[PDB]
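Q: give me the fold of what follows.
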Amino acid sequence: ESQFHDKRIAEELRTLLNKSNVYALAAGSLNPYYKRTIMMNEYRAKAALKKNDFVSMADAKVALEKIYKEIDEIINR
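A: Residues are numbered from 1 along each chain as shown. Below is the structure in question.
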């Protein structure tokens, strides 16, 4: 059974990558893992916006909400 989802794009990973730098700043009291993982998700997200690929955009989005949630948690205690 073949199936296709298509490119109707209504995601603001803009919104996420808008704070991608503030979150980078706040991981600077944490293991290098956290910053490094922002540095390497920013990349994916940007390329993905440029080629307008859906699946790369959805990935990166999930990735960023996850790491922001981790950071928040850690920081709030």
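Q: mind checking which residue lies nearest the centre of this protein?
A: Centroid-nearest residue in the chain, with CA atoms, centre = their mean: residue 64, separated by 2.7 Å.
Q: can you list the buried residues in the helix or strand hosting residue 43?
A: Take DSSP states H and E as the rule and residue 43 turns out to sit in helix 32-50. Residues of helix 32-50 classed as buried by neighbour count (16 or more other CB atoms under 10 Å): 34-35, 37-38, 41-42, 44-45, 48-49. Where C-beta positions appear, they are placed from N, C-alpha and C, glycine not excepted.
Q: contacts for it, please.
A: Contacts to helix 32-50, defined as CB atoms under 8 Å, 6 or more residues apart in numbering, come from residues 13, 16-17, 20, 23-24, 27-28, 56-57, 59-61, 63-64, 67, 70-71.
Q: write the PyMOL selection for whichever of those residues are buried.
A: The following PyMOL selection, which keeps only the buried ones among the contacts of helix 32-50, applies the criterion 16+ other CB under 10 Å:
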select buried, resi 13+16+17+20+23+24+27+56+57+60+61+63+64+67+70+71
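Q: re the thing from before, list just the nearest of the buried residues of helix 32-50 to residue 77.
A: Within the buried residues of helix 32-50, the smallest distance to residue 77 is 15.4 Å, found for residue 34 (CB to CB).
Q: relative to residue 60, how far out is the closest one?
A: Between residue 34 and residue 60 the computed distance is 16 Å (CB to CB, to the nearest Å).
Q: ok, residue 53 next?
A: 10 Å.
Q: one more: residue 8?
A: With CB to CB as the criterion, residue 8 and residue 60 are 17 Å apart.
Q: again, but for residue 50
A: Taking CB to CB, one finds residue 50 at 12 Å from residue 60.
Q: could you do residue 4 as well?
A: Distance of residue 4 to residue 60, given as CB to CB: 21 Å.
Q: and the longest helix seen in the chain, what does it pack against?
A: Secondary structure of the chain read by DSSP state H shows that its longest helix is helix 54-76. Applying 3 or more CB pairs under 8 Å, 6 or more residues apart in numbering; DSSP states H and E, we find helix 54-76 packed against helix 13-18, helix 22-26, helix 32-50.
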